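Down below is the structure, laid out as structure tokens.
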Amino acid sequence: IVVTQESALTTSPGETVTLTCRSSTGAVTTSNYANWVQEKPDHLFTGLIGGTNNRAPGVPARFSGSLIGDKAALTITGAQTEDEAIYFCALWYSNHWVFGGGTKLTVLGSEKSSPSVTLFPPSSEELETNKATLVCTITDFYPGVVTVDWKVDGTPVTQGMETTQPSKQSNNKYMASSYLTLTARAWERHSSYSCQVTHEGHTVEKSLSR
Amino acid sequence: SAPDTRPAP
Amino acid sequence: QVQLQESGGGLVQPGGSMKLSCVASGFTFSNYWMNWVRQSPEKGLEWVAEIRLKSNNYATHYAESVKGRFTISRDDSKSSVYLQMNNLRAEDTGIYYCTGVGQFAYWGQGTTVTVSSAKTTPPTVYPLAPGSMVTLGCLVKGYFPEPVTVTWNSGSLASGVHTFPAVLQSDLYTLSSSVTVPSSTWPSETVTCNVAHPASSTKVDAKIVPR
Ligand SMILES: [Cl-]
Ligand SMILES: [Cl-]
């Protein structure tokens with residue numbers, strides 16, 4: 001069974017947000033006893049809602065669980081900056097639980113900042129091993145959500161790329177990195193290489209000419 | 001059958 | 001104040017076995033069921049096992065991916081829940097949390113369990129030269145296990161540093177670091193990164209030289 005959530009949502013503080021949680025088997029009902037769990041930076045987990053709408057003790061009144069249509073939902077009324085975090089939902093299926101993928105919540109707590117991108121070519125020392133790794137570093141962005149796209153001679157790559165999950169910098173902006181791994185042969189054969197980072201609908205790109 | 005629905009401390 | 005505190009995590013090869021422990025305090029542990037839930041990069045959160053109360057005969061349920069290999073148990077005398085894992089697989093790698101109460105209100109800090117057949121491996125360190133301010137970096141490729149510590153000019157270059165998370169590619173980890181310095185100081189002055197890999201007992205320096 002697959003439990004689906006929204007990947008990320010952004011909100012200004014003081015506004016209300018609703019996150020949903022669906023089941024691949026059908027409608028989510030009270031029998032799924034939907035839970036909502038919050039993850040704050042450093043793997044700090046805390047339960048917010050259990051049994052569809054029972055708020056765990058100590059949890060702020062602004063958090064409410066509910067059922068909207070065929071899905072479970074979490075509503076944060078008057079979201080605060082301290083609520084930027086990831087929210088997981090879990091659904092009960094008679095004798096087991098299935099967790100959702102998590103929704104990253106941004107509560108704009110600072111001015112938006114574009115990612116600073118840097119792309120590095122493979123070193124000569126590495127190339128000798130018949131391997132070529134291009135490194136793309138990505139820093140100082142807020143919201144902390146970016147999609148990274150690699151291209152070779154203008155064509156999209158779908159293999160050999162690996163990106164890390166943004167992580168918060170001391171200044172609460174975010175950082176991330178991506179890697180493209182090539183054989184030395186593939187590396188020498190192309191002239192154009194590009195790391196493209198889309199952040200809030202605007203793509204920041206760096207390129208290497210070989 | 002339900003999960004642990006006992007009230008939290 | 002409630003507190004759940006896991007224990008017992010470590011590195012293990014496939015086929016391995018280990019037991020995790022979790023001790024609860026600040027509430028009546030005996031009154032609630034307890035669960036194990038693990039967090040992995042490729043899988044997000046995955047519920048692994050639950051155990052009910054003494055009055056339920058310490059009854060349990062297990063996720064299908066774990067059935068027959070893992071066993072949850074509890075000892076209320078000790079306010080503790082435990083997970084015995086056998087026939088471990090690399091897919092069992094993750095941070096393991098005990099959590100409970102209505103229905104996951106309390107979570108411990110987590111304990112990492114790594115299942116890998118990889119042998120200790122020092123990183124091959126590679127300088128990253130550029131293809132007002134200039135950004136240089138270092139690739140720390142193909143090491144195992146973690147961690148690794150990366151400095152610049154022995155730590156004299158403190159500001160302007162960025163070190164990123166390890167990626168697992170080929171059973172081995174790779175990470176990178178970068179420094180930004182005024183272009184007036186490179187390449188006129190030396191910029192070297194210092195990489196230490198406690199496990200291999202190695203400490204390498206790599207000077208960044210222009211291409
Ligand atoms: Cl049952
Ligand atoms: Cl000099």
Side-chain angles (χ1 to χ4, degrees), chain A residues 33 35-37 39 43-51 54-59 86 88 90 92 95-102 116 118-124 126 129 131 133-135 137-139 160 162-164 167 169 175-179 181 193 206-210, chain C residues 2 4 35 37 39 41 43-50 59-63 95 97 99-110 112 124-131 134-139 141-142 162-169 174-178 180 206 208-209 211:
Chain A
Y33 305 77
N35 282 240
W36 293 85
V37 178
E39 179 182 10
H43 292 287
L44 306 166
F45 285 87
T46 187
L48 310 162
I49 301 295
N54 196 154
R55 171 147 48 89
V59 170
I86 304 158
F88 294 89
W92 169 252
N95 62 2
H96 64 114
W97 293 94
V98 178
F99 277 81
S116 185
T118 309
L119 181 69
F120 294 106
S123 66
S124 48
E126 181 180 14
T129 71
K131 307 300 186 65
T133 308
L134 288 67
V135 179
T137 71
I138 309 165
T139 65
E162 158 79 28
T163 303
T164 62
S167 80
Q169 307 175 173
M175 70 168 77
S177 60
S178 190
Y179 293 93
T181 292
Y193 296 93
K206 290 307 184 74
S207 282
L208 295 164
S209 179
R210 193 229 141 235
Chain C
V2 181
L4 295 177
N35 309 252
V37 168
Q39 184 186 19
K43 296 194 276 184
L45 285 177
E46 205 197 323
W47 171 84
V48 156
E50 63 166 35
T60 60
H61 301 80
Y62 290 95
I95 303 175
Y97 308 88
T99 161
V101 185
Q103 280 64 72
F104 298 97
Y106 307 151
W107 289 70
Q109 83 293 339
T112 182
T124 69
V125 180
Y126 296 126
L128 300 187
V134 56
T135 302
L136 308 181
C138 255
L139 181 59
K141 195 186 176 201
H162 277 290
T163 306
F164 305 86
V167 285
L168 193 62
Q169 38 206 21
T174 292
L175 64 70
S176 294
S177 189
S178 75
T180 299
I208 319 296
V209 174
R211 46 180 49 228

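Hydrogens, waters and symmetry mates are skipped; everything else that's a heavy atom, side chains included, is used. Protein chains get the first letters and strands the later ones, always in sequence-line order, with residue 1 at the start of each.
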Practice problem: Please step through side-chain contact (heavy atoms from CB on, under 4.5 Å) for the pair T137(A) and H162(C), ending with a clear verdict. | Solution: CA-CA 9 Å; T137(A) 71; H162(C) 277 290; over 6 Å; no
Practice problem: Assess whether side chain to side chain donor-acceptor pair (under 3.5 Å) is satisfied between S176(C) and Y179(A), documenting all intermediate values. | Solution: CA-CA 10 Å; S176(C) 294; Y179(A) 293 93; 2.8 Å; yes
Exercise. Report the C-alpha separation of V135(A) and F164(C) in whole Å, then their side-chain angles, then the decisive distance to 0.1 Å, and conclude whether the side-chain contact (heavy atoms from CB on, under 4.5 Å) test is met.
Key: CA-CA 11 Å; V135(A) 179; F164(C) 305 86; over 6 Å; no
Exercise. Test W97(A) against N35(C) for side-chain contact (heavy atoms from CB on, under 4.5 Å), laying out the working first.
Key: CA-CA 10 Å; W97(A) 293 94; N35(C) 309 252; 4.1 Å; yes
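Taking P121(A), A56(A), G101(A), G50(A) one by one and counting their heavy-atom pairs under 4.5 Å with chain C, the maximum is reached by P121(A). Interface remark: of the candidates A129(C), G108(C), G110(C), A129(C) forms the most heavy-atom pairs closer than 4.5 Å to chain A. The greatest number of non-hydrogen atom pairs below 4.5 Å with chain C, out of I138(A), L208(A), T139(A), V98(A), is found for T139(A).
At a 4.5 Å heavy-atom cutoff, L48(A) makes no contact with chain C through either its backbone or its side chain. Neither the backbone nor the side chain of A49(C) comes within contact range of chain A; no heavy atom of the residue lies under 4.5 Å from a heavy atom of that chain. Heavy atoms of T133(A) lying under 4.5 Å from chain C belong exclusively to its side chain. Heavy atoms of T181(A) lying under 4.5 Å from chain C belong exclusively to its side chain. For a residue to count as touching a neighbouring chain, one of its non-hydrogen atoms must lie under 4.5 Å from one of that chain's; by this rule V101(C) does not touch chain A. Residue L139(C) touches chain A through its side chain alone, counting heavy-atom pairs closer than 4.5 Å.
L119(A) CG to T135(C) OG1: the interatomic distance, rounded to the nearest 0.5 Å, is 12.0 Å. Here the OG1 atom belonging to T129(A) is positioned 4.5 Å from the OH atom belonging to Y126(C), to the nearest 0.5 angstrom. Considering OG1 of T124(C) and CD of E126(A), their distance stands at 7.0 Å, rounded to 0.5 Å. The line from CE of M175(A) to OG1 of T163(C) is 8.0 Å long, rounded to the nearest 0.5 Å. Going from atom NZ of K141(C) over to atom NZ of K131(A) covers 5.0 Å, rounded to the nearest 0.5 Å. Separation of atoms CZ (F45(A)) and CH2 (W107(C)) is listed at 5.5 Å; rounding is to 0.5 Å.
A 4.5 Å side-chain heavy-atom check between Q103(C) and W92(A) finds every atom pair outside the cut-off. Put simply, the side chain of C138(C) does not reach to within 4.5 Å of the side chain of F120(A), judged on heavy atoms.
Here the closest non-hydrogen pair linking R211(C) and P122(A) is NH2-O, 2.5 Å. Between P127(C) and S123(A), the shortest heavy-atom contact is O-CB, 3.5 Å.
Between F99(A) and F104(C), the ring center distance clears the sub-6.0 Å criterion.
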